[PDB]
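One chain is shown next in structure tokens, namely the form deposited in one PDB entry.
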């Protein structure tokens, strides 16, 4: 008999595990327990802070919720109106010395005329081909070129996606992008070129909310806090080392054994296979491809520069900088960096030179967060990446050579992005049924390895739906039908359902 026994054991307390736990706790039927090897819940949705007081998420983290249930839990966790800040979804593509409003194709009036001609000519070819198309695109690359035409694809989506995924667009699938037909909106694009007009895809109703304090990681701490503490086990005490799927027993690092009837595993599925000592699953899961993420944070002295303005996130297809995306994290919340009266010495100037004075001075401060990808196809020199990113900041005109840097941050995350390669589904449809046959619901960004349902809200719901499948026979819609859950507002499932209402009387 094992040290402790529950009906449903949840491994991991990132958004996915927390979702499983939130639904288990709501149902309050079967006994359950959630473990995590980290004392702080949140997983990849956590937040670090430098010794100098600059918070950084694990790269740009921006919530768009497809589910009311997710909204219910965020609201419960952070209920005050000043627990959040609201911003418009402002993004740009850095291209040939310009900040081009997203979406790129609707804004190429900013490029030289000769290049506009090439772009439009390419999209004309794409529109004429789309008119007689009778096949679906088979690769990400085909999808890109059919949507954009060659000239536009070459400027942004092709080089950008390589810098993101660290694999060529020709080696990726495109089903994950959804069911929308790959075809240009030629009229929209030429209309903006003719009018000499720019237009981003944001406005008063295209907004997101960011937590006032603690960064994204604050959300999950708050959510976790709403669970019964005695049913949680976070820290070294909660680190799983072995899973005997046959005995439905899990062994933690401190030797504790847990018996379960159903397992919800949100750890990376390749780590699960190793922990199960299953050679067959180990074999299969090493067929899955992923990239690592280097997050670099740069704290800068001064009020926010006019040139940065209200920008939120930014895309970098060009090769004059190593990052694919930058986030003006200081725009998300004034509490993401020290207040103006806090004193910090300048560490270096943006151009790498030493400051004239070593003395500590006041702010105000602003803050840039950058992401660099790494794969077996795209190596990252960890000893020079910070300095190279900072050089990239000068090259892209985000910093002047003279800008004062008061804080740096660099961290490498081994499992960053699960790759939508051509082979992914072929591999997943062998792995998941084998785990399912053992009453193991492997779910999450790396639990189920599906980027298209790999955001915070998706992950959370993957955990919720896993519990709902386990207990109520619910369809696991997010897991199996990304296009379905993404094409609708999911209003039916709520933090308070009829069940708990009727029970309370």
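Numbering follows the first chain given and starts at 1. Note that the rigid core is defined as the largest set of C-alphas that superpose within 1.5 Å between two forms.
As for the form deposited in another entry, it is not shown, yet the points below apply to it.
Core-superposed comparison between the shown form and the other one: among 128, 360, 377, 183, the single residue whose C-alpha moves by 2 Å or more is 183. Remark: with the core as the superposition reference, the CA shift of residue 79 between the shown form and the other one stays below 2 Å. Remark: with the core as the superposition reference, the CA shift of residue 341 between the shown form and the other one stays below 2 Å. After superposition on the rigid core, displacement of the C-alpha of residue 204 between the shown form and the other one amounts to 2 Å or more.
Annotation: residue 330/residue 202 CA-CA distance longer in the other entry than in the displayed model, change of at least 3 Å. In the other entry, the Cα-Cα separation between residue 203 and residue 302 grows by 3 Å or more relative to the displayed conformation.
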